[PDB]
Amino acid sequence: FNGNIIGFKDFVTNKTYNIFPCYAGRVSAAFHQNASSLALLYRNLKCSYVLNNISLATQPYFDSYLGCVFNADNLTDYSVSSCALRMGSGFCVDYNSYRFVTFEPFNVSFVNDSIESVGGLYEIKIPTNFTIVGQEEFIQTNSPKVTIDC
Amino acid sequence: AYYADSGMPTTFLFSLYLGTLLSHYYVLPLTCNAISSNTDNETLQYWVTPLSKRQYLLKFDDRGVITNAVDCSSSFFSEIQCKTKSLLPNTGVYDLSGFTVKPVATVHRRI
Amino acid sequence: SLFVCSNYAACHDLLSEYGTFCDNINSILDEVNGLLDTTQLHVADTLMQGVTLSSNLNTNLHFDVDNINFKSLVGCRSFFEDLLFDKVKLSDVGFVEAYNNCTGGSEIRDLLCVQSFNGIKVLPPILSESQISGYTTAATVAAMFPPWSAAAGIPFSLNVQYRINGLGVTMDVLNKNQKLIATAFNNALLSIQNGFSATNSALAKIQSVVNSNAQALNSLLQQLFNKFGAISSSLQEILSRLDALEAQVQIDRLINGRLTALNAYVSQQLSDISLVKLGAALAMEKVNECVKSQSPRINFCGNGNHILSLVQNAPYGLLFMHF
Amino acid sequence: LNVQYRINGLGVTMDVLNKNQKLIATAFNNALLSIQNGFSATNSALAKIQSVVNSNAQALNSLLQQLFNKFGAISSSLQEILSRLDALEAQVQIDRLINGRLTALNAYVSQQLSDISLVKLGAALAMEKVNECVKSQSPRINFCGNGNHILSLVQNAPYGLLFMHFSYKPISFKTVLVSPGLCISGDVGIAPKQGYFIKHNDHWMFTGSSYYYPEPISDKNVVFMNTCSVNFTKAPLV
Amino acid sequence: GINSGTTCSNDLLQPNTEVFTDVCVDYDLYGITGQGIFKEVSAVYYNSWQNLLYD
Amino acid sequence: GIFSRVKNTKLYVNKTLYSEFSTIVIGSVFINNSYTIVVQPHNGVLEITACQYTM
Ligand SMILES: CC(=O)N[C@H]1[C@H]([C@H](O)[C@H](O)COC(C)=O)O[C@@](O[C@H](CO)[C@@H](O)[C@@H]2O[C@@](O)(C(=O)O)C[C@H](O)[C@H]2NC(C)=O)(C(=O)O)C[C@@H]1O
Ligand SMILES: *[C@@H]1O[C@H](CO)[C@@H](O[C@@H]2O[C@H](CO)[C@@H](O)[C@H](O)[C@H]2NC(C)=O)[C@H](O)[C@H]1NC(C)=O
Ligand SMILES: *[C@@H]1O[C@H](CO)[C@@H](O)[C@H](O)[C@H]1NC(C)=O
Ligand SMILES: *[C@@H]1O[C@H](CO)[C@@H](O)[C@H](O)[C@H]1NC(C)=O
Ligand SMILES: *[C@@H]1O[C@H](CO)[C@@H](O)[C@H](O)[C@H]1NC(C)=O
Ligand SMILES: *[C@@H]1O[C@H](CO)[C@@H](O)[C@H](O)[C@H]1NC(C)=O
Ligand SMILES: *[C@@H]1O[C@H](CO)[C@@H](O)[C@H](O)[C@H]1NC(C)=O
Ligand SMILES: *[C@@H]1O[C@H](CO)[C@@H](O)[C@H](O)[C@H]1NC(C)=O
């Protein structure tokens, strides 16, 4: 529709073609100050296809739902509470070397109690101490009054 | 032409407009008796590495001396760090687009 | 480095003199994605609250109280959001899958990956919809089960009873038809899940916003094919049949036309994410004045006499159900 | 008295804290000293104001190098161009060069329009905050402070206003066996407007919604009910 | 070597003037043109081949 | 272009310390034209003979 090529035929053997365009460009990388190595991520592309493109990387491949992550052992057993190097879809990497640990920001405390009306009554973990805490917040209300001579 | 016997970075000597493209380099033989002295003394150690078009980083200190240099062409840590104006970049997920496959052999448009 | 010029070194040399401008555009992209992720975490911790639920939870054993069904909206992935995910296939998970089909094979009409092959990449959001839907399910079952953190420690039927106290309705006729009004909510829930088969206004706006996004992407696709006063639109033929000095005016006119197209697009994107921030903040406001605790502000949560509301996860947004 | 009546609305009884006004006064001044020492740590608010000043400083810095970009022109310094080329050969690049300068200017004022609109909306949000939970206390939760927000006070800031908030959050809890709502032998329901009901020592006592305190049952702490539901707790006698 | 170097066109004869400090004047320092103010300072980081400082 | 890295050859003749290394020629065709380049060291001092003489 928008003038985009699809395929051709040969005038010799009269067989057709589908010209899917090729791929170029890298994806991303990850770095930390106290680390010294690099964490490489190659999303939306197969690890075996990446290794068949040029050569075999020094770090072993790790294929994920996102893609091919390098130099990081995937570890979904533990969950990082607060990350700063976001891989996307709740995923992150960190240095102690570099390894891949799934990320969740928040969780529910999961109080070990009942669920139903025991004798028509409920087990609620009500507070017994009185404690307050101040809260810090800022709202920007003003901007510097810039000008320019045209 | 550049040399610096003292100080590990090199400095300017002179420029020389020729126009003729320079093509070949050779080291002369020195007809000398024994600089090695039955391989018990020193020898000659000219080492060579070619140059080409690259963009680098030139870090200056308070006294205007070249502190460090970054290739920005070999590794992936060669880039990012030098494009973030530091010897050591901050944490972040920085994208890369420094690779193109270019495996082609035939380019024609014909009737 | 890929869009305005793909791979041509003589072209990239003329890109290199003015690469500071597109680097500034990339920094603009970085900060609008930073506000996008910041608003996503804002959504995450405003849906989150001081919630405690009992750790001995089983969604399949105990799932209903006083004969109101929730198995459409009970998750951990609920059927209620999965119906909407059946109604539209252009999710970010579907985007990732569509990137996964485009590695060789069939479907030569594959617009999403030839957008990626031309340069523009729809990044997935940093939070999966599975955990967001699980968070909304956790908030809903917190509202439905003791301790009622999302219902201020009050049972759900008691929330309905105490709300209908405050709306000019006495309790004398109410005490004999709890099952009748429970079936009234059940029939309302069946009606609103059955209404999604018809093209609703919610369906109209979700396909409107995703088709607007696709139309903007296709507008970027034809911007490569625009002349901008040049004799052609791409770099290979003008690098071939011209000698790059008479083609230099063609090159810089096409790259400044493309850069102005990106300036218009980043202005549109910053306006769009400002709208996203305003709509998001209004969503925060209506969440914490309807579902966490109802407020005496009339005719904003629901048209007419509002009683209560519920929030379900949606593709690229939240689905708000009001009663 | 203002803060005592304010935390009463959050579900706290007054009998315990009549003896405990001194230690919550120390909690007040310790919270102020903690947030005063909170600015010694690089917290979010200092990061926010530093982000604002670095953002518009970087914007006005990026305005400078738009003079120094190459564009299609052979240089960026017009002075050496006019000392290098004649006036007739100036306009072959300088007219579209200054056109690029003006496109940079009107683009820059378009982002200025966007940021002034969003900071006007931020000023409106700050206005809503200061007239709903600074000069008064509105029934609207999780808007000024997270959790049980008590009240807020506003201090002056450079290019903004600092919004410090008093919030209530206890440190220890206690399990208890309670029931929300019940009824009596005269088929009259008993249900808390705030809090729960504890049964101990063969009598049914009343507790608050934020602290374990068994209070004697009364008619002023309760909302009346004509008939209780069949799925409610039945209490004999009065 | 545009407006910089040693080969000076003396077709228009101009006498070499001392550096008038602390005034807003135009300068022709060995062919380097512009307009600005010079303040007499002290520097030690300069080298034999190095004569200009850049920002 | 090329980069060279030459460790000094500190040979110590008795009470006459020397540091002498080899001689390099660079050029295009190395004839009586094309500006042939010959640089040699002579015991602490370099001698550049960069002229289009015969080879
Ligand atoms: C590049 C290389 O392989 N250099 C050799 C070098 C040459 O093979 C050779 O000297 C040049 O003459 C030819 C083309 O045959 O030889 C070195 O070893 C010599 C062996 O010929 C060594 O024995 C030298 O022999 C002399 O007899 C001589 O004049 O040839 C005496 C001289 O003092 C002696 N040099 C010493 C001991 O250093 C060489 O000259 O060192 C070995 C090089 O690696
Ligand atoms: C009080 O409410 C509970 C919870 O709803 C009732 O217990 C079950 O409720 C479900 C759904 O309403 C029914 O399908 C079950 O048959 C109920 N179980 C039993 C044993 O009744 C409970 O019945 C209610 N009690 C009264 C008196 O209404
Ligand atoms: C097939 O190709 C031949 C030449 O290779 C051509 O002459 C012919 O027309 C084509 N089509 C058919 C149907 O044979
Ligand atoms: C890195 O090392 C420094 C210096 O010891 C230390 O202060 C810091 O806590 C370490 N970790 C990070 C994340 O910076
Ligand atoms: C890590 O990834 C590999 C493949 O990339 C997978 O087989 C393995 O199960 C993963 N480990 C987990 C999910 O713990
Ligand atoms: C509540 O917490 C405070 C915190 O220091 C503690 O001193 C006090 O003993 C606790 N208990 C009561 C009943 O106040
Ligand atoms: C992607 O598309 C191909 C071709 O239609 C298909 O064979 C494959 O199953 C698809 N992938 C998934 C995950 O369905
Ligand atoms: C060049 O002209 C100047 C006058 O501006 C004159 O003083 C000088 O002698 C001339 N140089 C010659 C003739 O070599």
# chains A, B, ... in the order shown; residues from 1 in each chain; ligands from 1
$ residues_near_ligand --ligand "ligand 3" --cutoff "8 Å" --atoms "only C-alpha atoms and all ligand atoms" --output "MDAnalysis selection string"
chainID A and resid 11:14
$ write_last_selection --atoms "N, CA and C atoms" --output "PDB file, in the first residue's frame"
ATOM      1  N   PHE A  11      12.933 -14.326 -14.481  1.00  0.00           N
ATOM      2  CA  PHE A  11      12.466 -14.512 -15.847  1.00  0.00           C
ATOM      3  C   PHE A  11      12.926 -15.833 -16.449  1.00  0.00           C
ATOM      4  N   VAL A  12      13.764 -16.588 -15.742  1.00  0.00           N
ATOM      5  CA  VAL A  12      14.310 -17.835 -16.260  1.00  0.00           C
ATOM      6  C   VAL A  12      13.435 -19.007 -15.836  1.00  0.00           C
ATOM      7  N   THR A  13      13.318 -19.235 -14.528  1.00  0.00           N
ATOM      8  CA  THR A  13      12.616 -20.405 -14.015  1.00  0.00           C
ATOM      9  C   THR A  13      11.233 -20.087 -13.461  1.00  0.00           C
ATOM     10  N   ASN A  14      10.830 -18.809 -13.470  1.00  0.00           N
ATOM     11  CA  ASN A  14       9.469 -18.355 -13.148  1.00  0.00           C
ATOM     12  C   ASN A  14       9.045 -18.733 -11.727  1.00  0.00           C
TER      13      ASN A  14
END
$ residues_around --residues "residue 131 of chain C" --least-positions-apart "2" --cutoff "12 Å" --atoms "only C-alpha atoms" --output "list in words"
residues 89, 90, 91, 102, 103, 104, 105, 106 and 107 of chain A; 44, 75, 76, 77, 78, 126, 127, 128, 129, 133, 134, 135, 136, 137, 138 and 313 of chain C
$ select_by_dssp --residues "chain E" --states "strand (DSSP E or B)" --output "PDB file with N, CA and C atoms, in the first residue's frame"
ATOM      1  N   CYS E  24      37.363  47.345  26.487  1.00  0.00           N
ATOM      2  CA  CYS E  24      36.605  46.613  25.474  1.00  0.00           C
ATOM      3  C   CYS E  24      37.022  47.136  24.108  1.00  0.00           C
ATOM      4  N   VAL E  25      37.922  46.410  23.447  1.00  0.00           N
ATOM      5  CA  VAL E  25      38.475  46.807  22.161  1.00  0.00           C
ATOM      6  C   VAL E  25      38.423  45.616  21.215  1.00  0.00           C
ATOM      7  N   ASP E  26      38.685  45.889  19.945  1.00  0.00           N
ATOM      8  CA  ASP E  26      38.878  44.842  18.955  1.00  0.00           C
ATOM      9  C   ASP E  26      40.363  44.549  18.786  1.00  0.00           C
ATOM     10  N   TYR E  27      40.679  43.278  18.554  1.00  0.00           N
ATOM     11  CA  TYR E  27      42.060  42.823  18.542  1.00  0.00           C
ATOM     12  C   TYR E  27      42.418  42.201  17.201  1.00  0.00           C
ATOM     13  N   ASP E  28      43.697  42.309  16.856  1.00  0.00           N
ATOM     14  CA  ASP E  28      44.284  41.763  15.637  1.00  0.00           C
ATOM     15  C   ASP E  28      45.581  41.039  15.976  1.00  0.00           C
ATOM     16  N   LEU E  29      45.506  40.147  16.961  1.00  0.00           N
ATOM     17  CA  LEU E  29      46.678  39.480  17.526  1.00  0.00           C
ATOM     18  C   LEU E  29      47.225  38.476  16.523  1.00  0.00           C
ATOM     19  N   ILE E  32      44.662  37.136  14.297  1.00  0.00           N
ATOM     20  CA  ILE E  32      43.484  36.600  14.973  1.00  0.00           C
ATOM     21  C   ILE E  32      42.585  37.766  15.356  1.00  0.00           C
ATOM     22  N   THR E  33      41.384  37.790  14.795  1.00  0.00           N
ATOM     23  CA  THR E  33      40.475  38.916  14.931  1.00  0.00           C
ATOM     24  C   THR E  33      39.363  38.612  15.931  1.00  0.00           C
ATOM     25  N   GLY E  34      38.644  39.658  16.299  1.00  0.00           N
ATOM     26  CA  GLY E  34      37.594  39.562  17.289  1.00  0.00           C
ATOM     27  C   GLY E  34      37.524  40.843  18.094  1.00  0.00           C
ATOM     28  N   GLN E  35      36.699  40.806  19.137  1.00  0.00           N
ATOM     29  CA  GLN E  35      36.488  41.965  19.995  1.00  0.00           C
ATOM     30  C   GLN E  35      36.280  41.484  21.422  1.00  0.00           C
ATOM     31  N   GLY E  36      37.039  42.042  22.359  1.00  0.00           N
ATOM     32  CA  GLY E  36      36.932  41.602  23.737  1.00  0.00           C
ATOM     33  C   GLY E  36      37.813  42.420  24.655  1.00  0.00           C
ATOM     34  N   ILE E  37      37.905  41.958  25.902  1.00  0.00           N
ATOM     35  CA  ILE E  37      38.644  42.642  26.956  1.00  0.00           C
ATOM     36  C   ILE E  37      39.796  41.753  27.401  1.00  0.00           C
TER      37      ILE E  37
END
$ residues_around --residues "residue 24 of chain A" --least-positions-apart "4" --cutoff "10 Å" --atoms "only C-alpha atoms" --output "list in words"
residues 97, 98, 99, 100, 101 and 102 of chain B; 2, 6, 7, 116, 117, 118 and 119 of chain C
$ write_last_selection --atoms "N, CA and C atoms" --output "PDB file, in the first residue's frame"
ATOM      1  N   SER B  97      23.787   0.824  18.715  1.00  0.00           N
ATOM      2  CA  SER B  97      23.440   0.628  17.313  1.00  0.00           C
ATOM      3  C   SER B  97      24.694   0.676  16.453  1.00  0.00           C
ATOM      4  N   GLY B  98      25.767   0.046  16.921  1.00  0.00           N
ATOM      5  CA  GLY B  98      27.044   0.133  16.241  1.00  0.00           C
ATOM      6  C   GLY B  98      27.418  -1.097  15.440  1.00  0.00           C
ATOM      7  N   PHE B  99      26.425  -1.791  14.890  1.00  0.00           N
ATOM      8  CA  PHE B  99      26.682  -2.982  14.094  1.00  0.00           C
ATOM      9  C   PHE B  99      25.716  -3.044  12.921  1.00  0.00           C
ATOM     10  N   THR B 100      26.261  -3.312  11.738  1.00  0.00           N
ATOM     11  CA  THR B 100      25.472  -3.547  10.540  1.00  0.00           C
ATOM     12  C   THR B 100      26.067  -4.767   9.851  1.00  0.00           C
ATOM     13  N   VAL B 101      25.199  -5.648   9.343  1.00  0.00           N
ATOM     14  CA  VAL B 101      25.639  -6.967   8.890  1.00  0.00           C
ATOM     15  C   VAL B 101      26.486  -6.872   7.616  1.00  0.00           C
ATOM     16  N   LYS B 102      26.063  -6.040   6.642  1.00  0.00           N
ATOM     17  CA  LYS B 102      26.600  -5.843   5.287  1.00  0.00           C
ATOM     18  C   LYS B 102      27.213  -7.066   4.595  1.00  0.00           C
TER      19      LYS B 102
ATOM     20  N   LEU C   2      20.305   4.936  12.579  1.00  0.00           N
ATOM     21  CA  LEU C   2      19.637   3.981  11.706  1.00  0.00           C
ATOM     22  C   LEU C   2      18.509   4.603  10.894  1.00  0.00           C
ATOM     23  N   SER C   6      20.910   4.900   7.364  1.00  0.00           N
ATOM     24  CA  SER C   6      20.958   3.516   7.822  1.00  0.00           C
ATOM     25  C   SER C   6      22.388   3.027   8.029  1.00  0.00           C
ATOM     26  N   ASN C   7      23.157   2.907   6.944  1.00  0.00           N
ATOM     27  CA  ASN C   7      24.467   2.274   7.058  1.00  0.00           C
ATOM     28  C   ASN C   7      25.556   2.920   6.210  1.00  0.00           C
ATOM     29  N   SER C 116      10.661  -2.078  12.973  1.00  0.00           N
ATOM     30  CA  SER C 116      11.895  -2.313  13.713  1.00  0.00           C
ATOM     31  C   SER C 116      13.099  -2.391  12.785  1.00  0.00           C
ATOM     32  N   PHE C 117      12.913  -2.930  11.578  1.00  0.00           N
ATOM     33  CA  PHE C 117      14.007  -2.983  10.617  1.00  0.00           C
ATOM     34  C   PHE C 117      14.318  -1.605  10.050  1.00  0.00           C
ATOM     35  N   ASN C 118      13.323  -0.718   9.993  1.00  0.00           N
ATOM     36  CA  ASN C 118      13.586   0.664   9.617  1.00  0.00           C
ATOM     37  C   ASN C 118      14.118   1.490  10.780  1.00  0.00           C
ATOM     38  N   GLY C 119      13.968   1.012  12.012  1.00  0.00           N
ATOM     39  CA  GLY C 119      14.587   1.681  13.137  1.00  0.00           C
ATOM     40  C   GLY C 119      13.723   1.869  14.365  1.00  0.00           C
TER      41      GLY C 119
END
$ residues_around --residues "residue 125 of chain C" --least-positions-apart "5" --cutoff "9 Å" --atoms "only C-alpha atoms" --output "JSON, numbers by chain"
{"A": [88, 89, 90], "C": [36, 37, 40, 92]}
$ write_last_selection --atoms "N, CA, C and O atoms" --output "PDB file, in the first residue's frame"
ATOM      1  N   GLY A  88      13.298  -4.448  31.610  1.00  0.00           N
ATOM      2  CA  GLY A  88      11.964  -4.521  31.052  1.00  0.00           C
ATOM      3  C   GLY A  88      11.212  -5.739  31.554  1.00  0.00           C
ATOM      4  O   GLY A  88      11.792  -6.800  31.808  1.00  0.00           O
ATOM      5  N   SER A  89       9.887  -5.576  31.700  1.00  0.00           N
ATOM      6  CA  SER A  89       8.951  -6.617  32.153  1.00  0.00           C
ATOM      7  C   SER A  89       9.334  -7.194  33.516  1.00  0.00           C
ATOM      8  O   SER A  89       9.300  -8.409  33.728  1.00  0.00           O
ATOM      9  N   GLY A  90       9.693  -6.318  34.450  1.00  0.00           N
ATOM     10  CA  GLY A  90      10.059  -6.733  35.795  1.00  0.00           C
ATOM     11  C   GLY A  90      11.345  -7.525  35.887  1.00  0.00           C
ATOM     12  O   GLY A  90      11.428  -8.472  36.679  1.00  0.00           O
TER      13      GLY A  90
ATOM     14  N   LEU C  36       7.887   8.150  31.647  1.00  0.00           N
ATOM     15  CA  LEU C  36       7.001   7.002  31.457  1.00  0.00           C
ATOM     16  C   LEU C  36       7.218   5.941  32.532  1.00  0.00           C
ATOM     17  O   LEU C  36       6.255   5.451  33.137  1.00  0.00           O
ATOM     18  N   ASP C  37       8.478   5.610  32.814  1.00  0.00           N
ATOM     19  CA  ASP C  37       8.782   4.632  33.855  1.00  0.00           C
ATOM     20  C   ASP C  37       8.456   5.177  35.241  1.00  0.00           C
ATOM     21  O   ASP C  37       8.014   4.427  36.122  1.00  0.00           O
ATOM     22  N   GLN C  40       4.871   4.877  35.658  1.00  0.00           N
ATOM     23  CA  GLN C  40       4.544   3.469  35.862  1.00  0.00           C
ATOM     24  C   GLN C  40       4.771   3.049  37.311  1.00  0.00           C
ATOM     25  O   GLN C  40       3.933   2.354  37.900  1.00  0.00           O
ATOM     26  N   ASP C  92       1.597  -5.738  24.396  1.00  0.00           N
ATOM     27  CA  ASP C  92       3.056  -5.722  24.381  1.00  0.00           C
ATOM     28  C   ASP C  92       3.627  -7.132  24.391  1.00  0.00           C
ATOM     29  O   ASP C  92       4.699  -7.366  23.822  1.00  0.00           O
TER      30      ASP C  92
END
$ atom_distance --atom1 "atom CA of residue 163 of chain D" --atom2 "atom CA of residue 138 of chain A"
5.2 Å
